[PDB]
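To start, I am sharing the structure in question, which I have written as structure tokens.
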Amino acid sequence: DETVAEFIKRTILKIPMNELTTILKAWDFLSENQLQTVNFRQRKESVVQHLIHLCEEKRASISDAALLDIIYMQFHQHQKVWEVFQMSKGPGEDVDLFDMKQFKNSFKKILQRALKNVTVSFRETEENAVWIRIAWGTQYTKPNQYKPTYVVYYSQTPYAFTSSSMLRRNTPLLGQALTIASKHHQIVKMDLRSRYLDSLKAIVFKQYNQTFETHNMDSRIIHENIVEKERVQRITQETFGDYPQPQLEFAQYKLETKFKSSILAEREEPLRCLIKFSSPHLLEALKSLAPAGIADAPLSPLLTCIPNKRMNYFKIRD
Amino acid sequence: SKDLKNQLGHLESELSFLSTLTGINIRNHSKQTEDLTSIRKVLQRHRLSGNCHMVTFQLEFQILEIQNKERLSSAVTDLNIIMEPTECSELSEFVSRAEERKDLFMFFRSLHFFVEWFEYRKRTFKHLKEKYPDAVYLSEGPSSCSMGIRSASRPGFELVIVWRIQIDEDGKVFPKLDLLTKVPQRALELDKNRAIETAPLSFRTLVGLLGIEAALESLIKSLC
Amino acid sequence: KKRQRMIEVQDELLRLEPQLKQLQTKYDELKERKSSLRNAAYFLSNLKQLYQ
Amino acid sequence: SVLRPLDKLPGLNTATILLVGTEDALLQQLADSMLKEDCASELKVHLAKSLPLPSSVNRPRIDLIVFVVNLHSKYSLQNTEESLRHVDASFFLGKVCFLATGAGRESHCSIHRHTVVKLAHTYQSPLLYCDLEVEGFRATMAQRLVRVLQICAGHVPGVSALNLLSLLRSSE
Amino acid sequence: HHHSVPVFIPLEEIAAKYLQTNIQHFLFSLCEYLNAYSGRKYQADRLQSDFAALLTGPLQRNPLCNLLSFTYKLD
């Protein structure tokens, strides 16, 4: 089919040149003896032209193209912004005996009956995770391969991470599929979004702090205000800890508080504001504000409570 | 040197707090090592003593630490624990099984649970004895197996209640409560309803219904 | 339009199941509690009468 | 407490300078630049964020005070206006100097320098310009400031601080 | 404050049930729960590492290691 050929060509064109061999080796759809026939010294365009011919000579379905897409995706995994789900269960419910095949079948069937045409793939990852790629369609349209959805589900745990691309239309359906396939009664969306899936994972599983205590110069210059400097240093160290901070890039606050400062004393309505913080490495810029003299010694708790509360978007009322 | 005394006091306090927290009071410990190398192989021989509430123990073992380039694997090759000769034979046979299995952590866990249930049994017997001196005959002792309930005026009618602690093959501990009836025949031909032959099952249902001490209290009140 | 109805009725059933599951269990120990209580009362009365 | 010019007797061949500002790194760099060279006198540099200072008894007498203002920050200007109210009027007679930083990069500037010009004129004192982030420019300002300090301490015969007032007076 | 026990082990239930009272029994229950898991995982991994000859395909296993399924042929 020409569609699968175009899909494979586009996916390969996305791949960087230096790491193309590792992706091809992991995919291993093409025979190993075929690989050395192609030469990677020449132009990228020539290499993709040859690879299309080799993969077309053999039978190539859409499933292996989807598998190549999953393999390419889990290498980069910072091209999308991720969101977190949390599932809950009843008090008297017993611990389940997870079975991969049953999970795959249930997640298949729910989508297959609710919609009509839909493609879902699986790639059982090491370290107890599952990668899923879903192409959305309905009774009267073929699946759209340009806009897939990726979800990472950690078995035996209540958490699943999903990519926000086109999931807005079919969010309740995917929620039902996830909560049925894994035998959970309810599901809610955690208000914590980021582009670093590993930082999200470390925060959500709260394993960013791994230190456990076990037993097994030019004297002419005089620095006044020295006690204040040492006190602010101590307060900053206590508040921000001593571990390496997880890497975020954004934080948002919504304010609905009254103005209290002669000026707007008679006003009885809140002052409506929305503010955002953006940085290449947030929580590291914030740590350095007080020693530099731009903030007071203890920062407000709204800023020092990101990883502990697993919160990224806030709302404040009077 | 005063600060050094301060560290000594702090360490003594920490040791006491930890020992009372876990429930294991550890005595002196000696380690003797021999290096037997071919990838490096090192062997160690250990010796330590201690006690846990009533029970006391002293044990000697040795571990072989097979150091290599990518793993540090240590296996307890030889274990040996010796007990003070009490009459608690079930603890001794559990000692034998654990020695065969060569596991140290499981031994400590099972010993804790065993002595813990033993303390419950002893305290319950003592409390219920001091509650009713007139209807309890503690024939063998509070720290012993069985119990005797009888009337002072007449010794003909008496029921015996047995409390036993059992250690399973896997290692976990669980008790069991049964009873026996020392009843003369004259009472048997006396009453026709005769439900005392069903006493085991009914008693177990009663004790599971609302607790152990409650069932014993109800029975002793009924007997009186 | 029908797809949404399917989704919401599925939510309905998924929420309803735990309640029945809990209620059946509760009745199950309640009845046994009553029966065992009556048996214990009968046995204690009989033994007290026999000893008296 | 109010700082006083002639509270304590002078030391033997010693001069002291006080630098007041919000940016601590700039103050440290300036102090190092002042102290690196060799001079006939003995120099001491004190660093403070604002006035009044924390109380102490061992403090030697202060000979010259420099107020450094960042033109990229309103906070520094407010801090200096607050600090200016805790020094007695006798101390402005040739013993106070204003230093302004950041006029090189005009795009960053939050303060119009008419403001610092008018402030310096109001308090009858000189106004200096330097970009303290550049080391080559900072090196020469350190030496100029050392020479002014030596004049103020009385280490050059025939010239005092009150005389230095007329030398540095601006026509308008 | 913080810990290193894995997520799929149920610490929350044990903590809620035994944390406020009888802390040492809470510790011993956690010890049992962790030892059992380590033992089961060790059995599965050692079988996979050693006797790859007899097994036809990789065995099925889950993170908590409470459901094993494999097809073995002996010669």
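Should a chain be cited, it is by its letter among A, B, C, D and E, assigned in written order, with residues numbered from 1 in that chain.
Assume contacts are C-beta pairs under 8 Å (C-beta built on N, C-alpha and C of every residue); 3 or more make two chains touch, one makes a residue touch a chain.
Here the chain-to-chain distance from chain B to chain D, counted in touching steps, is 3.
Traced through touching neighbours, the fewest hops from chain C to chain D number 2. Each chain gets a centre from the mean of its Cα atoms; the one farthest from the centre of chain B is D.
In terms of their C-alpha centroids, the spacing between chain A and chain B amounts to 51 Å. If each chain is reduced to the centroid of its CA atoms, chain C and chain E end up 33 Å from each other.
A separation of 27 Å divides the Cα centre of chain B from that of chain E. With centres taken as mean Cα positions, chain E sits 70 Å from chain D.
Not a single residue position of chain B touches two or more of the other chains.
Under the contact definition stated at the top, not a single residue of chain D touches 2 or more other chains. Among all residues of chain E, none touch two or more other chains.
Here the chains touching each other pair up as A-C, A-D, A-E, B-C, B-E. Here chain B touches chain E in the complex through residues 21-23, 105-106, 109, 112-113, going by the rule given at the top. By the touch rule above, chain E contacts chain A in their complex via residues 2, 4, 7-8, 10, 60, 62-64, 66-67. Here chain D touches chain A in the complex through residues 22-24, 28, 31-32, 35, 43-49, 53-54, going by the rule given at the top.
Against chain C, the residues of chain A that register as touching in their complex are 90, 92-93, 114, 172-173, 176, 179-180, 185.
In the complex of the two chains, the chain A residues touching chain E come out as 95, 97-100, 128, 154-157, 205-207, 209-210, 212.
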